[PDB]
């Protein structure tokens, strides 16, 4: 049921998605080990992901959360990187996309920093890197990220599939050492995220 629609680079919607991608790159404490060494991306394509069934699944859960939280879904746009991006956009988020060993428990993880999600494109810790060259810092191979609509509801703040903490709908991982890191978030129900944009890109080698 999924259709992908290409956005033109001249479309303001392409341009606002690209700007969120580029502007939320940061340096990482692994010195690039997981995701590669770069300061910016070459964006190759941005597609809108359309699936009526998955969208309705998302909005149904969104209303349930809103009604549990004084009519406030606390909806964000967040990045998600995964070797399973193709199953996600076709069949939706579920248990198979959860991070069993995650430091906030076995939920599905999202990030404000696109470069954090980039570290997961080839798996946990960047796995063995790109399939072609076995390079976590490959500048040639095309990578993909999702830019997702996520319902946080009442989020449990951690300074630093399972269930979220009693009385909450998500967990927020607040950056507490690295003053430049943005927040990361975890949801415990696949229905609390919708993959809105599929972004195809390369990381760029700094000059």
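What we label the rigid core is the largest C-alpha set whose atoms superpose within 1.5 Å from one form to the other. Residue numbers count along the first chain shown, from 1.
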{"property": "Core-fitted comparison in 9 other deposited structures of this protein, 112-120 vs 97-105, farther C-alphas", "result": "97-105"}
{"property": "More shifted region, core-based fit in 9 other deposited structures of this protein, 53-61 vs 167-175 by CA", "result": "167-175"}
{"property": "Residue 160 unmodelled in at least a third of other compared entries", "result": "yes"}
{"property": "Between neighbours residue 161 and residue 160, residues that the deposited sequence lists but the model omits", "result": "1 to 3"}
{"property": "Mean temperature factor over C-alpha atoms, higher-scoring stretch between 170-178 and 37-45", "result": "170-178"}
{"property": "Stretch with the higher entry mean CA B-factor, where the candidates are 71-79 and 103-111", "result": "103-111"}
{"property": "Assigned third (lowest, middle, highest) for the C-alpha B factor of residue 93", "result": "middle"}
{"property": "Third assignment of residue 191 from its chain's C-alpha B-factors", "result": "middle"}
{"property": "Chain-relative CA temperature factor third for residue 63", "result": "middle"}
{"property": "Third assignment of residue 57 from its chain's C-alpha B-factors", "result": "middle"}
{"property": "Ranked C-alpha temperature factor of residue 148 among modelled chain residues, by third", "result": "lowest"}
